[PDB]
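Quick setup: one chain, the form deposited in one PDB entry, written in structure tokens, and binding and motion questions come after.
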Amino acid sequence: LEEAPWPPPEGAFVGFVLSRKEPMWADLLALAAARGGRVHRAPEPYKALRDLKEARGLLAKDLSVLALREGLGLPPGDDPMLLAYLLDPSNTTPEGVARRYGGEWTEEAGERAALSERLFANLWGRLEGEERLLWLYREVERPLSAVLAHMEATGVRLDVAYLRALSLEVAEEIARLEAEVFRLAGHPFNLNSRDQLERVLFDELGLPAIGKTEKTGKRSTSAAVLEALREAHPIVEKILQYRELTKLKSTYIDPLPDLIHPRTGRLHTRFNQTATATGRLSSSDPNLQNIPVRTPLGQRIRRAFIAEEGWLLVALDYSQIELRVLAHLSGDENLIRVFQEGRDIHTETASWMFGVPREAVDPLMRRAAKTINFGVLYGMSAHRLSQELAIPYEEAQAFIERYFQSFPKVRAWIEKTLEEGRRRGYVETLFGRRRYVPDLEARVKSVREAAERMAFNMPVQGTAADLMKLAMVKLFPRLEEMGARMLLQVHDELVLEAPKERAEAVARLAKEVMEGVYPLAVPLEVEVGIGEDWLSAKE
């Protein structure tokens, strides 16, 4: 290309280099742009940011987040990663995308700009006549990228002092548990080392090894296995409790307070838009889509996520989402009628399986039932259903029997989905998002049947993901008008921040936007709550 002075013209493709991957923490090392046979390099990249009307190019969202951190409204536009990801969701990194579609991902802003221009041209070529993928790009993925940039840059308020205090107390309890483990072992060891634990449990003590590890074939010490040995030694109980405490302490309690950004005062995740095989988002650096919720300590941790003073959190979660999506995709008359009557399958399974009235069904129980409903649907074995439910074998075969043909056309849709996948090489969501599943005609049954369960899950998980993304796209400008913020997405859930005076209005409107995003043959329902913290906002 011709080297031309900085500033590029309207609509050039950007390239940039960050000191590190996290846009909120990164130094912008270099910036450049490409257009009309010219390349333009910024002499000082922070100043040069102000010249651009949009970030158009590879990883556009990340540059926009960094721009927003600097008080600049620089929205992300076209991004070839999104085109590639829609062509094939195994396109997840610029390294792979570059090499597949006609360049090389280097460490020089100018080359990255030139690469972005030609990859766009090429990937746009590959999408000619792909009307549905084009619809998803223009109506979902491209505008979603601007919403995620705003979410990332806003971050969430964390109660830091509280988490520090909690750490000091959890440490004393951890030392009580490990002292007693060491007393039962007859000696100390590194209890965090699963290899050392293996030796202690199965070689030194008498315990039977009920399982091997996948890749290396060691005797397993997972909670599944240790559940089996709960009565067979007291020590196991102590280990499981230690595991829980150390997991929560090392993953959330200790790292999160150290991630508060000094300028914003807030905690900033990244929402990765080309990371999953199904069209879902992921969250990283720190993952805020797996904050504990389940155990009493998990609940304590979740209370650390709070509203700014004068604001409240609003938490919205889709009811029974993939079950509703299934009703629509399959067209099953019985499953449709179940949601038309306002039934709750999760509560009904809990009630059945624990043998209590619905009124007594607690959150712990509801989660257990989810495992069963989604397990069975997505091809769980009779054997593994027996384990889990803790019941005989032929009963599980009959349960899986009872589950299907209660909903006869689910099976017919599973079969239809697999034959299209075998013939075309890919399966698709309601909106035409594709996933290529190559192993459907594999000759090794295990490899074939795993490919099958991945294949028929994707249209269901992926359609739910499509719906949520579209709701976000529709909701965001409505929130801006009302002076509220979108903070987090957790697959079928949004967490917003609203000024106290507008909180109820905001909750009502977001609920409606989420429920009416794309009408199906069953109603979507959204549970919404409002509170000072994330836990209290879902009660």
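All residue numbers refer to positions in the sequence shown, first residue = 1.
Stretches 358 to 366 and 83 to 91 differ in mean CA B factor, with 358 to 366 having the higher one. Here 31 to 39 and 483 to 491 are compared by their mean Cα B-factor, and 31 to 39 comes out higher.
The residue among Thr221, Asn290, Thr251, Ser406 whose C-alpha atom has the highest B-factor in the PDB entry is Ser406. Between the residues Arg243, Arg183, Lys469, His268, it is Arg183 that shows the highest Cα B-factor in the PDB record.
Ranked by C-alpha B-factor against the other modelled residues of its chain, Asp62 falls in the lowest third.
Ranked against the other modelled residues of its chain, the C-alpha B-factor of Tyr137 as given in the entry falls in the lowest third. Ranked by Cα temperature factor within the chain, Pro23 sits in the lowest third according to the deposited record. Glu70 sits in the lowest third of its chain by CA B factor, as recorded in the PDB entry. Among all modelled residues in its chain, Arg280 ranks in the lowest third by Cα B-factor.
The same protein also exists as the form deposited in another entry; that form is not shown, yet it is the one meant from here on.
Looking at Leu479, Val376, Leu297, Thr463, the entry at the hinge of the rigid-part motion between the shown form and the other one is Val376, while the rest lie more than 12 positions from any hinge.
Between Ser250 and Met365, the C-alpha separation grows by 3 Å or more in the other form, relative to the conformation displayed. The Cα-Cα distance between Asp362 and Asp317 is lengthened by 3 Å or more in the other form relative to the form shown here.
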